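One structure is given here, and the rest of the page talks about it.
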Amino acid sequence: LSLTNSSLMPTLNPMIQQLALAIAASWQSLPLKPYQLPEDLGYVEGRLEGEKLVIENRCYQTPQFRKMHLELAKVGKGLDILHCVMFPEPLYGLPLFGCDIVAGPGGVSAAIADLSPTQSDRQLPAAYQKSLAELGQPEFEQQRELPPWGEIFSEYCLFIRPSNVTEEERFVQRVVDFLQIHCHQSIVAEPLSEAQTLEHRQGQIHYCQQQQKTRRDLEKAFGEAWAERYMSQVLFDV
Ligand SMILES: C=CC1=C(C)/C(=C/c2[nH]c(/C=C3N=C(/C=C4\NC(=O)C(C)=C4C=C)C(C)=C\3CCC(=O)O)c(CCC(=O)O)c2C)NC1=O
């Protein structure tokens with residue numbers, strides 16, 4: 001796992017670069033194994049109205065995380081994207097870590113991050129709540145409203161338009177905190193019963209189903225069949 005061979009990192013919005021480096025630093029601490037995507041989908045290049053569209057996908061796995069995906073994209077000249085999900089192995093009942101940034105050369109327009117509950121409770125595990133509790137509330141001046149296809153998200157979800165670099169740094173630090181808690185608990189987690197495993201797996205199907213609400217730009221560049229394969233095999237496999 002390493003981003004030093006990325007062709008995109010040097011032209012991506014700096015908060016995106018920061019967050020990618022922070023996710024890498026986190027994941028490098030896990031016993032990562034490679035996760036194979038379709039051969040053509042590791043590195044994607046096309047055109048979107050005459051401007052280069054480029055996507056780099058990196059995917060890993062652990063016994064606790066079925067699929068760890070980091071996507072970076074430059075979707076023509078005025079859109080940069082980071083999308084990251086860690087899909088937990090449902091046997092372990094961990095929450096879904098997710099984060100997305102949408103940016104341009106002018107700055108960041110949306111940043112979101114959560115540890116999303118898989119538990120039919122919609123609660124996070126006790127150890128997460130206690131560790132999260134001791135961090136305290138970060139302050140944000142523009143918090144955005146979740147569409148109806150929330151709250152597959154948790155109470156700790158941040159969904160914002162950063163107002164200045166201090167908010168960019170605060171957003172990234174909260175993701176670094178989320179990851180420190182998450183990785184640590186993954187190392188300590190024990191297999192659930194079959195019943196609760198299936199419960200968690202359904203929470204994961206529902207989370208991926210809901211998130212089908214990105215397509216449009218991919219359809220525009222690649223068509224609808226390519227887009228629907230990408231959504232169902234790369235992004236949000238069910
Ligand atoms: C390479 C793939 C890819 C493309 C081409 C892409 C495009 C894309 N994402 C957008 C926004 C967005 N996209 C998301 C979020 C997500 N999007 C997701 O696929 C997931 C899983 C989330 C997480 C919830 C959010 C929250 C916005 C808000 C737009 C903004 O406020 O800037 C917009 C709005 C810009 C506009 O139309 O004016 C475009 C064009 N996003 C992509 O990921």
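Throughout, numbering of the chain's residues begins at 1 and tracks the sequence. In what follows, every heavy atom counts, from backbone to side chain, and hydrogens, waters and symmetry copies are set aside. Counting starts at 1 for both ligands and their atoms, in listed order.
Inclusion of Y230 in the set of residues having an N or O under 3.5 Å from an N or O of ligand 1 is not warranted. Of the N or O atoms in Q211, none lie within a sub-3.5 Å distance of an N or O in ligand 1.
Only the side chain of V102 comes within 4.0 Å of ligand 1, counting heavy atoms alone; its backbone N, CA, C and O stay farther away. At a heavy-atom distance under 4.0 Å, only side-chain atoms of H83, from C-beta outward, approach ligand 1. Under 4.0 angstrom from ligand 1, the non-hydrogen atoms of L79 all belong to its side chain.
Near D217, with a cut-off below 4.0 Å to any heavy atom, the atoms of ligand 1 are 5 (C), 40 (C). Each of the following atoms of ligand 1 lies closer than 4.0 Å to a heavy atom of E71: 1 (C), 2 (C), 43 (O). If you number the atoms of ligand 1 from 1 as listed, the ones under 4.0 Å from a heavy atom of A110 come out as 30 (C), 31 (O), 32 (O). Residue-ligand proximity, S109 to ligand 1, at heavy-atom distances under 4.0 Å covers atoms 30 (C), 31 (O), 32 (O). Close contacts of ligand 1 with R144, meaning ligand atoms under 4.0 Å from a residue heavy atom, involve 31 (O). Close approach of ligand 1 to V75 is summarised as follows: ligand atoms under 4.0 Å from at least one heavy atom of the residue are 5 (C).
Ring pair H182/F65: centre-to-centre distance below 6.0 Å. With ring centers used as reference points, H184 lies 6.0 Å or more from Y128.
For the pair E228 and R215, the salt-bridge criterion is met [side-chain N within less than 4.0 Å of a carboxylate O]. No salt bridge links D114 with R174; every basic N to acidic carboxylate O contact stays at or beyond 4.0 Å. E49 has a carboxylate O that lies under 4.0 Å from a charged side-chain N of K220, or vice versa, which qualifies the two as a salt bridge.
Looking at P95, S154, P125 one by one, the single match for side chain to side chain contact (heavy atoms under 4.5 Å, CB included) with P117 turns out to be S154.
Evaluated by nearest non-hydrogen atom to atom 19 (O) of ligand 1, the leading choice among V54, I55, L235, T214 is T214.
Sorted by first and then second residue, the salt bridge (charged side-chain N to carboxylate O under 4.0 Å, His left out) pairs involving residues 52-75 (not counting sequence neighbours) are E56-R58, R66-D237, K67-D237, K74-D80.
Surrounding CD of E45 are more than 12 heavy atoms belonging to other residues, nucleotides or ligands, all under 6.0 Å away.
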